[PDB]
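A.B. asks: Next up is a structure, given as structure tokens.
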Amino acid sequence: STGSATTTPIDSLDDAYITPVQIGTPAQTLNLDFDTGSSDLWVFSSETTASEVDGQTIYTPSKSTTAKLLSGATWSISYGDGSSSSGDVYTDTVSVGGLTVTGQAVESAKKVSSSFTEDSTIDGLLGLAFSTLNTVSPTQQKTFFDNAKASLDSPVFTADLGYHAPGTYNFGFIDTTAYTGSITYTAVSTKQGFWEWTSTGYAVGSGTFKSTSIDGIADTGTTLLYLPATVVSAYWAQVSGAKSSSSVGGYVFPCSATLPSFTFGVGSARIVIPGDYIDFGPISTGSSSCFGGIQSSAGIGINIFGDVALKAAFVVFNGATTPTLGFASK
Ligand SMILES: CN(C)c1ccc(C(=O)O)cn1
């Protein structure tokens, strides 16, 4: 089997991407944030504290003839941006782009933090990291991908995120029309539960490539590119007037600037992130100070190849017995 679904930016900055997902019988369609950095499929629901729901579409398990309470199971998760959610668990039928999994754990939120409430466009998350990170207790649950894998034509999914445009998540096949040149594959460590890999270096604009190993994670649920402070300083030094602002919470730059590209290495191959992709717009409405799309990972403990990086590539998440990542230009 295979599946193919369009993923759409939630706003004009590509702050996140949402993908429609069918849950239950009859189908209830929710728009979920596909997150290769976590491993829980959770949704706003009829159980979510009413004051914490503001415009989201909810899953109502009592209206699904295939929903079953997973008795005794609870979940609770916190994300790198400080947001969080928790609740109980149902199993139900879940379909993405025509690919159906029966008995998928659907984690129903009883509580969500303010940043979830405030984002009316995101109805929940669909985790695509390794199932070892799943938070359900006392019986850990599998991701949608793990549950689907054995049935797929090939044990893979691909992320093809758009810049200020829709893109595609495919399951079970590689669309050879969706990229240019060849796909370069690179080793993955699953030791931390992430799609963790090592970039071979970087370049800023038309500058020379610096060969240096940068360990990090391919994370579709993180907006920006978070890299070591040395790398990030080298980038922003090429933008007149750019500076790190402790008050804003990262590098800012004059909105009048033209940003240089940023290249990252995948083995001997190179992925080029156009300068425009690194512009996250005014820090507040009407400001001439703009927020940068490349930020330091120093506070975080891990480097993160978030959407800024991934959207410049066609990315293969190969879930074969020994997982690997693939990157192609597009
Ligand atoms: C809607 N918000 C608060 C989100 C969504 C997704 C993530 C994440 O995948 O890490 C974090 N915050």
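Chain lettering (A, B, ...) mirrors the order of the structure tokens, residue numbering begins at 1 for each chain separately, and ligand numbering begins at 1 in order of display.
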Give the strand (DSSP E or B) residues of segment 31-70 of chain A, as DSSP finds them on the backbone, and put them as an mmCIF file with C-alpha atoms, in the first residue's frame.
C.D. replies:
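Now in states-v9.cif:
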data_model
loop_
_atom_site.group_PDB
_atom_site.id
_atom_site.type_symbol
_atom_site.label_atom_id
_atom_site.label_comp_id
_atom_site.auth_asym_id
_atom_site.auth_seq_id
_atom_site.Cartn_x
_atom_site.Cartn_y
_atom_site.Cartn_z
ATOM 1 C CA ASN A 31 -5.599 18.898 10.326
ATOM 2 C CA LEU A 32 -2.516 17.592 12.094
ATOM 3 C CA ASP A 33 1.062 18.813 12.363
ATOM 4 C CA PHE A 34 3.250 15.938 11.133
ATOM 5 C CA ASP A 35 6.248 15.921 13.454
ATOM 6 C CA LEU A 41 -0.516 11.111 17.613
ATOM 7 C CA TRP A 42 -2.682 13.391 19.737
ATOM 8 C CA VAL A 43 -5.755 15.429 18.979
ATOM 9 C CA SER A 45 -11.166 16.252 21.346
ATOM 10 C CA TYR A 59 -12.243 14.381 17.549
ATOM 11 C CA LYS A 68 -12.330 1.939 21.694
ATOM 12 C CA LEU A 69 -11.022 3.308 24.967
ATOM 13 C CA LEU A 70 -7.533 1.987 25.659
#
A.B. asks: Could you list, as a ChimeraX atom specification, all protein and nucleic acid residues with an atom at most 7 Å from ligand 1, counting only C-alpha atoms and all ligand atoms?
C.D. replies: /A:33,35,37-38,79-81,83,115-116,119,122,125,221-222
A.B. asks: To test your reading of the structure, identify every residue in segment 24-273 of chain A that backbone DSSP assigns to alpha helix (DSSP H), and report it as a PyMOL selection string.
C.D. replies: chain A and resi 114-117+144-149+229-236
A.B. asks: Could the residues in this selection be written to a file with N, CA and C atoms, as a short mmCIF file (atom, residue, chain, number, x, y, z; two decimals), in the first residue's frame?
C.D. replies:
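What ended up in out-v8.cif:
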data_model
loop_
_atom_site.label_atom_id
_atom_site.label_comp_id
_atom_site.auth_asym_id
_atom_site.auth_seq_id
_atom_site.Cartn_x
_atom_site.Cartn_y
_atom_site.Cartn_z
N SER A 114 -1.12 26.87 26.40
CA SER A 114 -1.68 28.04 25.75
C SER A 114 -1.31 28.17 24.28
N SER A 115 -0.09 27.78 23.92
CA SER A 115 0.37 27.93 22.55
C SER A 115 -0.40 27.02 21.59
N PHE A 116 -0.93 25.91 22.10
CA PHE A 116 -1.81 25.07 21.29
C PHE A 116 -3.19 25.71 21.16
N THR A 117 -3.75 26.16 22.27
CA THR A 117 -5.05 26.83 22.24
C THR A 117 -5.05 27.99 21.26
N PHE A 144 1.96 5.99 13.72
CA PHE A 144 1.25 5.68 12.50
C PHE A 144 2.17 5.00 11.48
N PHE A 145 3.37 5.54 11.30
CA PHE A 145 4.32 4.94 10.36
C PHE A 145 4.73 3.53 10.78
N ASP A 146 5.05 3.32 12.05
CA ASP A 146 5.43 1.98 12.46
C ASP A 146 4.29 1.01 12.23
N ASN A 147 3.07 1.41 12.59
CA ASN A 147 1.94 0.53 12.36
C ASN A 147 1.71 0.22 10.88
N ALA A 148 1.96 1.19 10.01
CA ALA A 148 1.72 1.03 8.58
C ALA A 148 2.83 0.27 7.86
N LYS A 149 4.02 0.27 8.44
CA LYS A 149 5.24 -0.06 7.71
C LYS A 149 5.21 -1.39 6.98
N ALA A 229 26.57 27.70 17.75
CA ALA A 229 26.74 29.14 17.79
C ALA A 229 27.81 29.64 16.84
N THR A 230 28.88 28.86 16.64
CA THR A 230 29.94 29.25 15.72
C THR A 230 29.39 29.40 14.29
N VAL A 231 28.60 28.42 13.86
CA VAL A 231 28.04 28.38 12.51
C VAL A 231 27.06 29.54 12.31
N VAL A 232 26.22 29.74 13.32
CA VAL A 232 25.19 30.77 13.25
C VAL A 232 25.80 32.18 13.24
N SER A 233 26.85 32.39 14.04
CA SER A 233 27.56 33.66 14.02
C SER A 233 28.19 33.92 12.66
N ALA A 234 28.79 32.89 12.06
CA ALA A 234 29.37 33.04 10.73
C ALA A 234 28.33 33.43 9.68
N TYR A 235 27.12 32.89 9.79
CA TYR A 235 26.05 33.26 8.88
C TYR A 235 25.65 34.74 9.05
N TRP A 236 25.29 35.11 10.27
CA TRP A 236 24.73 36.44 10.49
C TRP A 236 25.76 37.55 10.35
#
A.B. asks: Leaving out residue 74 of chain A and any residue of its chain fewer than 6 positions from it, which residues lie within 6 Å of it when counting only C-alpha atoms, given as a ChimeraX atom specification?
C.D. replies: /A:87-88,136-137
A.B. asks: With a distance cut-off of 7 Å and only C-alpha atoms, select the neighbouring residues of residue 183 of chain A, excluding the residue or stretch itself and same-chain residues fewer than 4 positions from it, and output the selection as a compact mmCIF listing (two decimals) with N, CA, C and O atoms, in the first residue's frame.
C.D. replies:
# COMPACT_ATOMS: atom_id res chain seq x y z
N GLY A 326 17.57 10.25 3.41
CA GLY A 326 17.98 10.69 2.09
C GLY A 326 17.60 12.13 1.83
O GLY A 326 16.53 12.58 2.22
N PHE A 327 18.48 12.87 1.15
CA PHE A 327 18.21 14.24 0.75
C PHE A 327 18.50 14.42 -0.73
O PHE A 327 19.57 14.02 -1.20
N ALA A 328 17.58 15.08 -1.42
CA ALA A 328 17.79 15.53 -2.79
C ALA A 328 17.42 16.99 -2.92
O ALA A 328 16.54 17.49 -2.21
A.B. asks: Can you work out the spacing between atom CA of residue 60 of chain A and atom CA of residue 48 of chain A in Å, to one decimal?
C.D. replies: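 It comes out at 10.1 Å.
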A.B. asks: May I have the residues within 7 Å of segment 304-313 of chain A as a PyMOL selection string, using only C-alpha atoms and disregarding those fewer than 6 positions away in the same chain?
C.D. replies: chain A and resi 160-163+216-227+271-273+277-278+293+327-330
A.B. asks: For the residues in that selection, give me N, CA, C and O atoms as an mmCIF file, in the first residue's frame.
C.D. replies:
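Dumped everything to result21.cif:
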data_model
loop_
_atom_site.group_PDB
_atom_site.id
_atom_site.type_symbol
_atom_site.label_atom_id
_atom_site.label_comp_id
_atom_site.auth_asym_id
_atom_site.auth_seq_id
_atom_site.Cartn_x
_atom_site.Cartn_y
_atom_site.Cartn_z
ATOM 1 N N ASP A 160 8.205 16.583 1.548
ATOM 2 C CA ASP A 160 8.479 17.540 0.478
ATOM 3 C C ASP A 160 7.738 18.822 0.826
ATOM 4 O O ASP A 160 6.654 19.091 0.315
ATOM 5 N N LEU A 161 8.332 19.610 1.722
ATOM 6 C CA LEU A 161 7.680 20.804 2.227
ATOM 7 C C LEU A 161 7.897 21.951 1.260
ATOM 8 O O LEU A 161 8.979 22.112 0.706
ATOM 9 N N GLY A 162 6.874 22.781 1.083
ATOM 10 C CA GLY A 162 6.971 23.939 0.216
ATOM 11 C C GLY A 162 7.420 25.197 0.926
ATOM 12 O O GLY A 162 7.200 25.383 2.104
ATOM 13 N N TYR A 163 8.049 26.084 0.178
ATOM 14 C CA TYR A 163 8.325 27.433 0.640
ATOM 15 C C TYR A 163 7.145 28.307 0.252
ATOM 16 O O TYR A 163 6.890 28.533 -0.932
ATOM 17 N N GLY A 216 22.706 16.326 14.154
ATOM 18 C CA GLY A 216 21.439 16.962 14.437
ATOM 19 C C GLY A 216 20.290 16.095 13.999
ATOM 20 O O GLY A 216 20.487 14.987 13.495
ATOM 21 N N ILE A 217 19.073 16.595 14.177
ATOM 22 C CA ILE A 217 17.885 15.809 13.884
ATOM 23 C C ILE A 217 17.077 16.428 12.758
ATOM 24 O O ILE A 217 17.006 17.651 12.634
ATOM 25 N N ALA A 218 16.495 15.586 11.912
ATOM 26 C CA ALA A 218 15.575 16.038 10.883
ATOM 27 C C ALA A 218 14.192 16.131 11.522
ATOM 28 O O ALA A 218 13.606 15.092 11.874
ATOM 29 N N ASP A 219 13.688 17.358 11.701
ATOM 30 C CA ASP A 219 12.514 17.593 12.535
ATOM 31 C C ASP A 219 11.491 18.497 11.854
ATOM 32 O O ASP A 219 11.586 19.730 11.893
ATOM 33 N N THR A 220 10.488 17.880 11.245
ATOM 34 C CA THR A 220 9.476 18.621 10.519
ATOM 35 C C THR A 220 8.595 19.460 11.437
ATOM 36 O O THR A 220 7.933 20.387 10.972
ATOM 37 N N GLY A 221 8.562 19.133 12.725
ATOM 38 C CA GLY A 221 7.749 19.876 13.671
ATOM 39 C C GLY A 221 8.430 21.090 14.286
ATOM 40 O O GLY A 221 7.812 21.771 15.107
ATOM 41 N N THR A 222 9.669 21.382 13.894
ATOM 42 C CA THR A 222 10.383 22.573 14.335
ATOM 43 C C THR A 222 10.471 23.522 13.145
ATOM 44 O O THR A 222 10.828 23.104 12.051
ATOM 45 N N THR A 223 10.133 24.790 13.354
ATOM 46 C CA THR A 223 10.069 25.749 12.263
ATOM 47 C C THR A 223 11.445 26.084 11.689
ATOM 48 O O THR A 223 11.623 26.150 10.470
ATOM 49 N N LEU A 224 12.394 26.370 12.578
ATOM 50 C CA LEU A 224 13.668 26.984 12.202
ATOM 51 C C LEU A 224 14.824 25.980 12.166
ATOM 52 O O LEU A 224 14.673 24.793 12.488
ATOM 53 N N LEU A 225 15.971 26.484 11.715
ATOM 54 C CA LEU A 225 17.216 25.733 11.660
ATOM 55 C C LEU A 225 18.080 26.165 12.845
ATOM 56 O O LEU A 225 18.471 27.327 12.939
ATOM 57 N N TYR A 226 18.351 25.228 13.753
ATOM 58 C CA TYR A 226 19.122 25.485 14.971
ATOM 59 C C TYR A 226 20.463 24.773 14.875
ATOM 60 O O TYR A 226 20.510 23.540 14.790
ATOM 61 N N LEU A 227 21.538 25.555 14.887
ATOM 62 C CA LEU A 227 22.883 25.060 14.639
ATOM 63 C C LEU A 227 23.851 25.625 15.677
ATOM 64 O O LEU A 227 23.505 26.541 16.415
ATOM 65 N N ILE A 271 22.909 20.811 -0.065
ATOM 66 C CA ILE A 271 21.563 21.356 -0.145
ATOM 67 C C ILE A 271 21.670 22.850 0.125
ATOM 68 O O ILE A 271 22.242 23.262 1.138
ATOM 69 N N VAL A 272 21.113 23.651 -0.779
ATOM 70 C CA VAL A 272 21.179 25.105 -0.679
ATOM 71 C C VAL A 272 19.828 25.656 -0.228
ATOM 72 O O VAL A 272 18.805 25.461 -0.877
ATOM 73 N N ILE A 273 19.853 26.342 0.907
ATOM 74 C CA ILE A 273 18.682 27.035 1.434
ATOM 75 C C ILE A 273 18.746 28.485 0.926
ATOM 76 O O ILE A 273 19.643 29.232 1.312
ATOM 77 N N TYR A 277 14.316 31.974 2.412
ATOM 78 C CA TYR A 277 13.757 30.973 3.319
ATOM 79 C C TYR A 277 14.101 31.283 4.776
ATOM 80 O O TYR A 277 13.497 30.718 5.686
ATOM 81 N N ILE A 278 15.089 32.147 4.975
ATOM 82 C CA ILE A 278 15.639 32.449 6.290
ATOM 83 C C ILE A 278 14.972 33.710 6.903
ATOM 84 O O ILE A 278 15.246 34.094 8.032
ATOM 85 N N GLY A 293 15.815 32.986 10.489
ATOM 86 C CA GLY A 293 15.425 31.588 10.395
ATOM 87 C C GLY A 293 16.503 30.578 10.740
ATOM 88 O O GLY A 293 16.233 29.376 10.757
ATOM 89 N N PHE A 327 18.484 12.866 1.150
ATOM 90 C CA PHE A 327 18.208 14.242 0.746
ATOM 91 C C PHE A 327 18.504 14.421 -0.726
ATOM 92 O O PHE A 327 19.566 14.022 -1.202
ATOM 93 N N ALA A 328 17.581 15.084 -1.422
ATOM 94 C CA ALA A 328 17.790 15.526 -2.792
ATOM 95 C C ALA A 328 17.418 16.991 -2.915
ATOM 96 O O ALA A 328 16.541 17.487 -2.207
ATOM 97 N N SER A 329 18.057 17.672 -3.855
ATOM 98 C CA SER A 329 17.608 18.983 -4.264
ATOM 99 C C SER A 329 16.306 18.848 -5.050
ATOM 100 O O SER A 329 15.935 17.764 -5.502
ATOM 101 N N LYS A 330 15.603 19.958 -5.233
ATOM 102 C CA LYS A 330 14.321 19.923 -5.923
ATOM 103 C C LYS A 330 13.998 21.245 -6.575
ATOM 104 O O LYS A 330 14.807 22.167 -6.511
#
A.B. asks: Could you name the residues that touch residue 151 of chain A at 12 Å or less, counting only C-alpha atoms, but leaving out those on the same chain fewer than 2 positions away, as a short mmCIF file (atom, residue, chain, number, x, y, z; two decimals) with C-alpha atoms, in the first residue's frame?
C.D. replies:
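Written output follows (around-v1.cif):
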data_model
loop_
_atom_site.label_atom_id
_atom_site.label_comp_id
_atom_site.auth_asym_id
_atom_site.auth_seq_id
_atom_site.Cartn_x
_atom_site.Cartn_y
_atom_site.Cartn_z
CA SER A 1 0.00 0.00 0.00
CA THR A 2 0.85 3.68 -0.23
CA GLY A 3 -0.51 7.04 0.87
CA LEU A 99 -3.31 4.79 3.61
CA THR A 100 -5.30 3.21 6.44
CA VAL A 101 -4.15 1.87 9.81
CA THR A 102 -6.62 0.07 12.04
CA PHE A 144 1.25 5.68 12.50
CA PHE A 145 4.32 4.94 10.36
CA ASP A 146 5.43 1.98 12.46
CA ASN A 147 1.94 0.53 12.36
CA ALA A 148 1.72 1.03 8.58
CA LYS A 149 5.24 -0.06 7.71
CA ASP A 153 5.25 -1.09 -0.73
CA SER A 154 8.56 0.19 0.70
CA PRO A 155 9.20 1.01 4.39
CA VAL A 156 9.64 4.74 3.84
CA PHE A 171 4.09 6.92 2.53
CA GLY A 172 5.43 3.75 0.96
CA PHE A 173 7.05 5.09 -2.22
#
A.B. asks: Show which residues sit within 12 Å of residue 208 of chain A, as number ranges by chain. Count only C-alpha atoms, and ignore same-chain residues fewer than 2 positions away.
C.D. replies: A: 201-206, 210-211, 234, 262-264
A.B. asks: Residues as selected, C-alpha atoms, written as a compact mmCIF listing (two decimals), in the first residue's frame, can you do that?
C.D. replies:
# COMPACT_ATOMS: atom_id res chain seq x y z
CA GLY A 201 29.51 20.95 6.81
CA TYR A 202 28.22 24.27 5.60
CA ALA A 203 28.72 27.36 3.48
CA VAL A 204 27.36 30.89 3.79
CA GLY A 205 26.26 32.50 0.53
CA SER A 206 28.91 32.10 -2.17
CA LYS A 210 33.58 24.38 5.67
CA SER A 211 33.99 20.65 6.24
CA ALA A 234 29.37 33.04 10.73
CA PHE A 262 23.00 28.78 3.52
CA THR A 263 24.34 25.44 2.27
CA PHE A 264 24.51 22.25 4.33
A.B. asks: Given the choices A:103, A:174, A:39, A:95, which gets closest to residue 66 of chain A if the distance is worked out from only C-alpha atoms?
C.D. replies: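 Of the candidates, the smallest distance to residue 66 of chain A is held by A:103.
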A.B. asks: Smallest atom-to-atom distance to residue 260 of chain A: which of A:135, A:120, A:238, A:246, using only C-alpha atoms?
C.D. replies: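 Going through A:135, A:120, A:238, A:246 one by one, the smallest distance to residue 260 of chain A is for A:238.
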A.B. asks: From the options A:255, A:23, A:159, A:302, which residue's atoms come nearest to residue 288 of chain A, counting only C-alpha atoms?
C.D. replies: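 Among the listed residues, the smallest separation from residue 288 of chain A belongs to A:255.
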